[PDB]
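Asker: One structure is given below, represented as structure tokens, and several questions about it will come after.
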Amino acid sequence: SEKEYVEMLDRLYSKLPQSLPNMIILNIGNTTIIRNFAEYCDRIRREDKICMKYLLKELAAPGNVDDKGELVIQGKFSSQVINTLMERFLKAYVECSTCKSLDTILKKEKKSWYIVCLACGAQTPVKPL
Amino acid sequence: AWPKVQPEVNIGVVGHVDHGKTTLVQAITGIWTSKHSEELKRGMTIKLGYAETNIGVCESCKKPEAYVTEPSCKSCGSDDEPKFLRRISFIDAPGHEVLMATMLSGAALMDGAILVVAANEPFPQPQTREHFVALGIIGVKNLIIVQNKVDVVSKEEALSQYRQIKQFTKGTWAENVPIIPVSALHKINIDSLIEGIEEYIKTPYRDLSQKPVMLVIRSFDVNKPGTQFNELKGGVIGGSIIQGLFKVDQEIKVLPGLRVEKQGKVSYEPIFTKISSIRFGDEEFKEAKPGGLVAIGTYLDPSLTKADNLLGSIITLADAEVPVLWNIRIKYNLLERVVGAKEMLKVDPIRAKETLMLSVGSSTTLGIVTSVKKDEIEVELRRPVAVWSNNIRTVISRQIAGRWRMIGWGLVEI
RNA sequence: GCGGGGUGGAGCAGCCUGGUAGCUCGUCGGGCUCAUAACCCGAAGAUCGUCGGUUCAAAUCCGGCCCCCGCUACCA
Ligand SMILES: Nc1nc2c(ncn2[C@@H]2O[C@H](COP(=O)(O)OP(=O)(O)NP(=O)(O)O)[C@@H](O)[C@H]2O)c(=O)[nH]1
Ligand SMILES: [Mg+2]
Ligand SMILES: [Mg+2]
């Protein structure tokens with residue numbers, strides 16, 4: 001068992017010294033088209049069932065996700081207003097308390113929905129909605 | 001999403017000064033074990049710390065980078081959520097010599113050990129012997145040896161010290177303790193280190209049958225400066241459970257606990273209470289199972305508990321019974337050399353009226369001997385120790401030039 | 001809880017009751033003595049941490065701020 005050091009050193013000698021996608025909300029007719037929703041919330045492990053949970057209540061308009069991952073909204077809205085609206089998801093569930101890394105995920109449970117942070121792991125008392 | 005499971009295993013992180021110990025526990029957990037201001041301001045380990053993490057393995061990816069301790073697999077490039085195994089924690093010891101006795105406490109708690117060696121100090125450093133024999137007196141022969149800080153030392157010098165330490169393995173209880181090269185800062189090869197903890201250090205078979213005992217290591221008054229009288233929480237006593245388990249609203253006693261004045265002489269008072277909280281890090285569990293330090297707050301006043309007053313005491317069920325003897329007998333076999341010593345002289349056998357230091361589990365005492373026999377002694381103590389089992393692992397030292405270096409291994413026959 | 005010290009080579013006075021930056025060990029010069037120490041006299045030395053308000057007018061009333069800080073501990 002002398003090889004238990006050699007290769008481990010050889011690959012020890014190979015380790016020596018994400019951002020928000022620019023959501024472009026456009027409108028044609030009475031709809032809302034986006035560009036990179038297959039890699040906007042899937043950059044932070046956000047389901048298509050859970051990302052359209054609070055937005056349906058905050059816009060009061062029906063809608064669903066597509067097969068590619070894009071999100072279609074029924075209604076006319078500007079670009080930088082969707083974020084100012086969905087702040088109650090962008091700050092209430094996908095942030096942390098001491099790291100501010102944005103690399104966080106939500107949990108689904110039987111009594112509350114927690115904030116699993118891949119920087120620290122800090123949660124808060126909140127009830128899913 | 002990943003379950004919330006308390007740790008089921010402890011691992012002793014021991015080694016000499018500047019070895020990369022606290023930075024190793026940072027390499028595994030992401031958090032450090034320097035928690036009192038002096039520890040930072042002096043930059044050396046004075047006391048034992050705590051740190052926690054999980055383990056998940058990506059069933060698809062190759063070994064070992066996928067062995068990451070968070071609900072993610074992205075370091076191996078996979079989208080899958082890894083298989084969870086456990087939640088793993090450590091006992092971060094000091095390297096200093098006036099501070100050695102402390103880690104002996106933790107030696108009675110760990111279910112494993114990762115021992116570090118300095119590639120960038122002359123080997124074998126004196127105190128390394130003392131750590132090795134600490135593990136050998138307590139008897140946790142399960143050891144993972146590591147050479148550290150390899151980024152300044154070349155691969156040939158690393159090989160030479162690897163041969164030195166492969167040799168350090170042969171001829172003792174540790175013939176096959178392995179060496180997996182990592183560096184504690186740059187986060188190199190730590191995946192293979194986690195794999196090593198897993199494979200070679202498994203959690204023992206648990207005994208949920210014996211009277212649940214809690215071995216105190218620390219305690220605090222969480223009542224912050226400015227705490228008004230409406231929200232007063234009890235004083236937390238933290239340790240690790242080894243045999244049995246603890247539950248919410250369990251009726252216990254702290255033993256020995258306080259000193260009080262009794263009958264014209266000195267004695268101690270058994271400290272009775274009801275269990276009000278049991279914590280594992282940042283997760284709230286209603287039961288405490290063995291494996292990992294378990295903090296229990298109760299209906300006790302934290303003035304009796306703040307600032308590590310009761311250091312090392314035991315706590316048992318308020319329907320239990322433990323022998324409390326002011327003067328205890330010991331079967332002690334003497335070390336062949338003084339292990340942490342720069343120059344290893346002989347052991348000068350223990351003569352009557354001498355002063356000796358004991359660490360029982362986590363509790364510590366000074367004592368003077370009253371009846372000196374070759375293998376058996378009866379020593380008068382300044383405080384009675386609680387001996388929950390037969391012939392418990394005490395660790396014994398005599399004072400050398402102001403540094404209490406060990407002299408043998410002892411057994412209290414109750 | 002946030003607050004204090006901000007000033008000759010120095011040590012602190014010195015506020016509220018605003019117009020001498022105040023006394024002492026020190027520093028150079030002169031007296032007294034046969035000469036030295038002690039004792040008497042004269043000058044030199046910060047010009048108040050700094051912007052700003054009050055104020056005819058400010059260490060002196062205080063605020064903004066730059067520095068030194070300062071009574072204080074892991075909060076399972
Ligand atoms: N480059 C490098 N520096 C390290 C590593 N581990 C620790 N250091 C740094 O080197 C110095 C000494 O290491 P230290 O962290 O004290 O290791 P230690 O064994 O825990 N020392 P002690 O237990 O006495 O407190 C510190 O400045 C520390 O940040 C490592 O793996 N690589
Ligand atoms: Mg250390
Ligand atoms: Mg004279």
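Chain identifiers are assigned as A, B, and so on, following the order in which chains appear in the structure tokens; residues are numbered from 1 within each chain, and ligands are numbered from 1 in order of appearance.
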Identify, on the basis of only C-alpha atoms (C1' of nucleotides), every residue whose closest approach to residue B:61 does not exceed 12 Å; exclude the query and any residue fewer than 4 positions from it along the same chain; express the result as a list in words.
Answerer: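 The residues satisfying every condition are residues 56, 57, 65, 66, 67, 68, 73, 74, 75, 76, 77, 78, 79, 80, 81, 82 and 83 of chain B.
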Asker: What are the nearest atom pairs, with distances in Å to one decimal, for all residues of chain C that come at most 9 Å from ligand 3, using only C-alpha atoms (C1' of nucleotides) and all ligand atoms, set out by chain and rising residue number as a Markdown table?
Answerer:
| residue | atom | partner | partner_atom_place_in_ligand_line | distance |
| --- | --- | --- | --- | --- |
| C:32 | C1' | ligand 3 | 1 (Mg) | 8.6 |
| C:33 | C1' | ligand 3 | 1 (Mg) | 8.1 |
| C:35 | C1' | ligand 3 | 1 (Mg) | 8.7 |
| C:36 | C1' | ligand 3 | 1 (Mg) | 5.9 |
| C:37 | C1' | ligand 3 | 1 (Mg) | 6.3 |
| C:38 | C1' | ligand 3 | 1 (Mg) | 8.1 |
Asker: Which neighbours of residue B:338 fall inside 10 Å, counting only C-alpha atoms (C1' of nucleotides), when residues of the same chain fewer than 4 positions from it are skipped, and could you give them as a ChimeraX atom specification?
Answerer: /B:126-127,129-130,334,342-347,397-398,400,405-408
Asker: Please identify all residues of chain B having at least one atom at most 8 Å from any atom of chain A, considering only C-alpha atoms, and return them as a list in words.
Answerer: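 The complete set of qualifying residues is residues 1, 70, 71, 151, 155, 178, 179, 180, 181, 182, 186, 187, 188, 189 and 192 of chain B.
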Asker: Select all residues from chain C having any atom no more than 12 Å from an atom of chain B (counting only C-alpha atoms (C1' of nucleotides), ignoring ligands), output as number ranges by chain.
Answerer: C: 1, 72-76
Asker: Please produce an output containing C-alpha atoms (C1' of nucleotides) for each residue in the selection, written as a PDB file, in the first residue's frame.
Answerer:
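Result file result.pdb:
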ATOM      1  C1'   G C   1     -24.759  52.987  25.515  1.00  0.00           C
ATOM      2  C1'   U C  72     -16.820  45.919  27.866  1.00  0.00           C
ATOM      3  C1'   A C  73     -16.900  39.499  25.859  1.00  0.00           C
ATOM      4  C1'   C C  74     -18.507  33.063  21.645  1.00  0.00           C
ATOM      5  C1'   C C  75     -24.255  35.205  23.021  1.00  0.00           C
ATOM      6  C1'   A C  76     -26.134  26.689  23.411  1.00  0.00           C
TER       7        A C  76
END
Asker: Would you pick out the contacts of residue C:9 at 9 Å or less, using only C-alpha atoms (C1' of nucleotides), so that residues sharing its chain but fewer than 6 positions from it are not included, and give the list as a list in words?
Answerer: residues 26, 27 and 45 of chain C
Asker: Generate the output file for the selected residues, N, CA, C and O atoms (P, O5', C5', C4', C3', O3' and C1' of nucleotides), as a PDB file, in the first residue's frame.
Answerer:
ATOM      1  P     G C  26      13.963  71.815  38.326  1.00  0.00           P
ATOM      2  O5'   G C  26      13.842  71.565  36.757  1.00  0.00           O
ATOM      3  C5'   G C  26      14.279  70.341  36.188  1.00  0.00           C
ATOM      4  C4'   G C  26      13.902  70.213  34.733  1.00  0.00           C
ATOM      5  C3'   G C  26      14.759  70.965  33.731  1.00  0.00           C
ATOM      6  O3'   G C  26      16.005  70.338  33.492  1.00  0.00           O
ATOM      7  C1'   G C  26      12.473  71.137  33.140  1.00  0.00           C
ATOM      8  P     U C  27      17.328  71.214  33.234  1.00  0.00           P
ATOM      9  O5'   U C  27      16.921  72.224  32.064  1.00  0.00           O
ATOM     10  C5'   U C  27      16.914  71.789  30.712  1.00  0.00           C
ATOM     11  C4'   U C  27      16.638  72.900  29.731  1.00  0.00           C
ATOM     12  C3'   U C  27      17.655  74.017  29.639  1.00  0.00           C
ATOM     13  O3'   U C  27      18.802  73.648  28.905  1.00  0.00           O
ATOM     14  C1'   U C  27      15.448  74.883  29.499  1.00  0.00           C
ATOM     15  P     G C  45       8.540  82.679  22.606  1.00  0.00           P
ATOM     16  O5'   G C  45       8.278  81.120  22.821  1.00  0.00           O
ATOM     17  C5'   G C  45       8.799  80.158  21.913  1.00  0.00           C
ATOM     18  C4'   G C  45       8.889  78.779  22.531  1.00  0.00           C
ATOM     19  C3'   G C  45       7.567  78.109  22.876  1.00  0.00           C
ATOM     20  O3'   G C  45       6.960  77.482  21.758  1.00  0.00           O
ATOM     21  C1'   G C  45       9.048  77.927  24.711  1.00  0.00           C
TER      22        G C  45
END
Asker: Using the chain letters and numbers from this document, which residues of stretch 231-288 of chain B does DSSP assign to strand (DSSP E or B), as a VMD selection string?
Answerer: chain B and resid 236 to 243 246 to 247 251 to 262 265 to 280 283 to 284 287 to 288
Asker: Taking the DSSP secondary structure from the backbone, can you list the residues of chain A that are helix (DSSP H, G or I), as a list in words?
Answerer: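 Restricting chain A to helix (DSSP H, G or I) produces residues 3, 4, 5, 6, 7, 8, 9, 10, 12, 13, 14, 48, 49, 50, 51, 55, 56, 57, 58, 59, 81, 82, 83, 84, 85, 87, 88, 89 and 90 of chain A.
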Asker: Could you please take those selected residues and save N, CA, C and O atoms as a compact mmCIF listing (two decimals), in the first residue's frame?
Answerer:
# COMPACT_ATOMS: atom_id res chain seq x y z
N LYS A 3 1.38 2.89 -2.92
CA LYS A 3 0.70 3.75 -3.88
C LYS A 3 -0.34 4.65 -3.22
O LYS A 3 -0.86 5.55 -3.89
N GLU A 4 -0.66 4.43 -1.95
CA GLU A 4 -1.61 5.27 -1.23
C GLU A 4 -1.09 6.69 -0.96
O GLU A 4 -1.79 7.46 -0.30
N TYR A 5 0.11 7.06 -1.42
CA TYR A 5 0.59 8.43 -1.32
C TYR A 5 0.90 9.06 -2.66
O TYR A 5 0.67 10.27 -2.83
N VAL A 6 1.36 8.28 -3.64
CA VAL A 6 1.93 8.83 -4.86
C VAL A 6 0.87 9.58 -5.66
O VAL A 6 1.00 10.78 -5.91
N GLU A 7 -0.19 8.88 -6.07
CA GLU A 7 -1.21 9.48 -6.92
C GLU A 7 -1.95 10.59 -6.20
O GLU A 7 -2.32 11.61 -6.80
N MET A 8 -2.20 10.41 -4.90
CA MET A 8 -2.86 11.45 -4.13
C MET A 8 -2.03 12.72 -4.10
O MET A 8 -2.57 13.82 -4.16
N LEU A 9 -0.69 12.59 -4.04
CA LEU A 9 0.16 13.77 -4.19
C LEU A 9 0.10 14.32 -5.62
O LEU A 9 0.07 15.55 -5.82
N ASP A 10 0.11 13.44 -6.62
CA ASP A 10 0.11 13.90 -8.00
C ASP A 10 -1.12 14.75 -8.30
O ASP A 10 -1.04 15.68 -9.11
N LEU A 12 -2.76 16.21 -5.65
CA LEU A 12 -2.60 17.34 -4.73
C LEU A 12 -1.88 18.49 -5.41
O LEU A 12 -2.05 19.65 -5.03
N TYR A 13 -1.09 18.17 -6.43
CA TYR A 13 -0.32 19.18 -7.16
C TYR A 13 -1.12 19.73 -8.34
O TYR A 13 -0.55 20.06 -9.39
N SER A 14 -2.45 19.82 -8.20
CA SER A 14 -3.29 20.39 -9.24
C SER A 14 -4.40 21.28 -8.69
O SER A 14 -5.41 21.49 -9.37
N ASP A 48 -39.71 25.07 -11.28
CA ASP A 48 -40.73 25.73 -12.06
C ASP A 48 -42.09 25.69 -11.37
O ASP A 48 -42.97 26.50 -11.70
N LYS A 49 -42.28 24.77 -10.42
CA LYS A 49 -43.49 24.72 -9.62
C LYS A 49 -43.46 25.75 -8.50
O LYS A 49 -44.51 26.20 -8.05
N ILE A 50 -42.26 26.16 -8.07
CA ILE A 50 -42.11 27.00 -6.88
C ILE A 50 -41.85 28.45 -7.28
O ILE A 50 -42.18 29.37 -6.53
N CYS A 51 -41.23 28.65 -8.45
CA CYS A 51 -41.02 30.01 -8.94
C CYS A 51 -42.31 30.65 -9.46
O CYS A 51 -42.42 31.88 -9.46
N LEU A 55 -45.68 34.35 -7.77
CA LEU A 55 -45.84 35.30 -8.86
C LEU A 55 -47.27 35.29 -9.40
O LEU A 55 -47.77 36.34 -9.83
N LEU A 56 -47.94 34.14 -9.38
CA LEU A 56 -49.33 34.10 -9.80
C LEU A 56 -50.21 34.93 -8.89
O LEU A 56 -51.20 35.52 -9.34
N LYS A 57 -49.88 34.98 -7.60
CA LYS A 57 -50.64 35.80 -6.66
C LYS A 57 -50.26 37.27 -6.75
O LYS A 57 -51.11 38.14 -6.56
N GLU A 58 -48.99 37.56 -7.04
CA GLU A 58 -48.54 38.94 -7.08
C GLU A 58 -48.89 39.64 -8.39
O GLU A 58 -48.94 40.88 -8.41
N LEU A 59 -49.12 38.90 -9.47
CA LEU A 59 -49.59 39.52 -10.70
C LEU A 59 -51.06 39.26 -10.98
O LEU A 59 -51.65 39.98 -11.80
N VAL A 81 -39.53 46.22 -13.61
CA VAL A 81 -40.63 46.26 -12.66
C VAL A 81 -40.89 44.86 -12.13
O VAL A 81 -41.38 44.69 -11.01
N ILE A 82 -40.54 43.84 -12.92
CA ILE A 82 -40.77 42.47 -12.48
C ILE A 82 -39.91 42.16 -11.27
O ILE A 82 -40.34 41.46 -10.35
N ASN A 83 -38.71 42.74 -11.21
CA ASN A 83 -37.80 42.51 -10.10
C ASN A 83 -38.24 43.29 -8.87
O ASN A 83 -38.25 42.76 -7.75
N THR A 84 -38.60 44.56 -9.07
CA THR A 84 -39.14 45.37 -7.99
C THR A 84 -40.41 44.77 -7.41
O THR A 84 -40.73 45.00 -6.23
N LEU A 85 -41.15 43.98 -8.19
CA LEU A 85 -42.31 43.27 -7.67
C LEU A 85 -41.89 41.99 -6.95
O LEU A 85 -42.23 41.79 -5.78
N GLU A 87 -39.33 41.18 -5.55
CA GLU A 87 -38.44 41.32 -4.40
C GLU A 87 -38.87 40.44 -3.24
O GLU A 87 -38.02 39.96 -2.49
N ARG A 88 -40.17 40.19 -3.08
CA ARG A 88 -40.62 39.32 -1.99
C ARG A 88 -40.31 37.86 -2.23
O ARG A 88 -40.84 37.03 -1.49
N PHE A 89 -39.52 37.55 -3.25
CA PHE A 89 -38.94 36.22 -3.41
C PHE A 89 -37.43 36.36 -3.54
O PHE A 89 -36.67 35.53 -3.04
N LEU A 90 -36.99 37.43 -4.21
CA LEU A 90 -35.56 37.65 -4.40
C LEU A 90 -34.84 38.04 -3.12
O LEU A 90 -33.61 37.92 -3.05
Asker: Go through the chains and note each residue within 10 Å of ligand 2, using only C-alpha atoms (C1' of nucleotides) and all ligand atoms, then give the set as number ranges by chain.
Answerer: B: 13-25, 32-34, 39, 43-49, 92-96
Asker: Please, what distance in Å, to one decimal, runs between atom CA of residue B:247 and atom CA of residue B:308?
Answerer: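 It comes out at 23.4 Å.
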Asker: Rounded to one decimal place, report the atom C1' of residue C:11-atom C1' of residue C:48 distance in Å.
Answerer: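 The value is 15.9 Å.
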Asker: List the neighbours of stretch 65-70 of chain C out to 12 Å using only C-alpha atoms (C1' of nucleotides); skip same-chain residues closer than 6 positions along the sequence, and give me the result as a list in words.
Answerer: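 Skipping anything fewer than 6 positions along the chain leaves residues 2, 3, 4, 5, 6, 49, 50, 51 and 52 of chain C.
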Asker: Please, could you write that set of residues out with C-alpha atoms (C1' of nucleotides) as a PDB file, in the first residue's frame?
Answerer:
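Heads up, here's the output in out.pdb:
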ATOM      1  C1'   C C   2     -21.758  54.999  22.553  1.00  0.00           C
ATOM      2  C1'   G C   3     -18.966  58.449  25.044  1.00  0.00           C
ATOM      3  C1'   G C   4     -14.655  60.728  26.683  1.00  0.00           C
ATOM      4  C1'   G C   5      -8.895  63.038  26.099  1.00  0.00           C
ATOM      5  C1'   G C   6      -7.884  66.107  22.409  1.00  0.00           C
ATOM      6  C1'   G C  49      -7.312  67.996  17.506  1.00  0.00           C
ATOM      7  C1'   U C  50      -9.852  70.599  13.360  1.00  0.00           C
ATOM      8  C1'   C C  51     -14.504  72.929  10.121  1.00  0.00           C
ATOM      9  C1'   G C  52     -18.684  75.220  11.781  1.00  0.00           C
TER      10        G C  52
END
Asker: Atom CA of residue A:96 and atom CA of residue A:70, how far apart in Å?
Answerer: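 According to the coordinates, atom CA of residue A:70 and atom CA of residue A:96 are separated by 26.3 Å.
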Asker: Show me, as an MDAnalysis selection string, the residues that have an atom within 9 Å of residue B:177 when counting only C-alpha atoms (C1' of nucleotides), minus same-chain residues fewer than 5 positions from it.
Answerer: chainID B and resid 141:145 166 169:170 200
Asker: Export, as a PDB file, in the first residue's frame, the selected residues with C-alpha atoms.
Answerer:
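Written out: result-v2.pdb:
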ATOM      1  CA  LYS B 141      -6.113   3.353  17.701  1.00  0.00           C
ATOM      2  CA  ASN B 142      -8.161   4.506  14.666  1.00  0.00           C
ATOM      3  CA  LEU B 143      -5.902   7.210  13.248  1.00  0.00           C
ATOM      4  CA  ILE B 144      -5.478   9.042   9.949  1.00  0.00           C
ATOM      5  CA  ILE B 145      -2.008  10.573   9.639  1.00  0.00           C
ATOM      6  CA  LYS B 166       5.237   5.404   7.374  1.00  0.00           C
ATOM      7  CA  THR B 169       3.434   3.739  11.910  1.00  0.00           C
ATOM      8  CA  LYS B 170       5.241   0.382  11.994  1.00  0.00           C
ATOM      9  CA  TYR B 200     -10.898   4.122   7.910  1.00  0.00           C
TER      10      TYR B 200
END
